[PDB]
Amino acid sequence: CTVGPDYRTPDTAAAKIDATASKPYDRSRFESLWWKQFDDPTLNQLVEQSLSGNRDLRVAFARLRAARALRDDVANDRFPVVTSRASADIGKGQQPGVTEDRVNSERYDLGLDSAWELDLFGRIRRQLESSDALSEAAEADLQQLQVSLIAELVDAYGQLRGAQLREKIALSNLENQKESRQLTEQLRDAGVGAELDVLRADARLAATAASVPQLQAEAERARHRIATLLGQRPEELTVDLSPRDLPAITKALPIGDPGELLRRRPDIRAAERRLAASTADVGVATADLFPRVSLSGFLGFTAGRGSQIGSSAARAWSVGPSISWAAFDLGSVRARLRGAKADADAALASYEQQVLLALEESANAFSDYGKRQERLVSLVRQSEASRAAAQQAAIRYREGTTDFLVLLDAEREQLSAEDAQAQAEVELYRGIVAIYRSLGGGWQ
């Protein structure tokens, strides 16, 4: 017999995301190694090294082995437990029932003890079923951490490239603002301009200069993050991260069927396996409503005189079958059952929350990616217009045919446009990372 409910997987509907019909996506195939589409061999090396060196990943793998070890232990409980023992019981006292004289007592034992709960109503079977589910849950945790890790690593690499990009932009715009400052300095020294212009120019030049260490600071924080994610010290980072361009994907994104995502995501699987474990735990609690059958034994030697231990005149065996039933203490058993059922309900609600958060993350990532493309279109146009306006005002300032503020403001709007655009490009990249994270890629 095996009592209590048999686990059935929740019948949960597949994820529908209508935006996936749209043009930026390719539903016919899904890349598990999603990050390789960036065609960035450096990045690829980072991910490979991360899988070897990352310590959080190494922790989670040990926790899996621990969970399996626990399951292996539970697995043995089906079989009788045979131990060997040698003991004695010596004393001197009265023997109530037998005699009021203080008499000597001497007993010697050497043999195998055995003990065994027959799993008649499946209590042990339901434990093993639970323990197996948790074992599988720990494996899904390992895989989810891998998904997270890769996303964090790819995301961080993109932030480094963004900081480097923005640095160069700042440095390039700084040179315009030195040339422009040189020009204003020449016009006051020729008698035609004014110091007010030089001051404004030097102020703006200082402002742009202040951004460069800050961007350099962000970059260095991103290098430090990347190193810890690889399992390396910051000093000892084996991958060269010299400035290269920000990776892009010109192709439509291979995202596969979005309905598949709940089945691909290990966090969802882990929550489902915890639900299975807790469902099995209801069985364990239900079995205690029913009788418990056990069988003890002894095989070996028993004597009053030690010299006889090991001889055939002192051979001994014993058998002790027992069945026990909680005749009146069902109150406590039914309390534990009510607790088991509540934990199962919790695990079900938990599982459903994970499903909901996955659909939320997923909805969020696609929703953002679409909007981040749109935003980038108009930001690219701002950068174009601003470069054009800046160069016109420069001409017209040199010819004395407009005041400096026109050129000051045009240089200001050039910087912020270019910089806003670089931020938006980074955000596209991060949105790709968000997408594949939400779909459960990189653990296979």
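The first residue of the shown sequence is 1; numbering continues from there.
Between 327-335 and 221-229, the higher mean Cα B-factor belongs to 327-335.
When the C-alpha B-factors of 63-71 and 405-413 are averaged, 405-413 comes out higher.
The entry lists C-alpha B-factors for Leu183, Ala316, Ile309, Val284, and the highest of these is at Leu183. Between the residues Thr250, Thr279, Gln127, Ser362, it is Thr250 that shows the highest Cα B-factor in the PDB record. Among all modelled residues in its chain, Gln143 ranks in the lowest third by Cα B-factor. Annotation for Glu235: C-alpha temperature factor in the highest third relative to the rest of the modelled chain, per the entry. The entry lists a Cα temperature factor for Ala137 that places it in the lowest third of the chain's modelled residues. Ranked by C-alpha B-factor against the other modelled residues of its chain, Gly259 falls in the highest third. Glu195: CA B factor lies in the highest third for its chain, per the PDB record.
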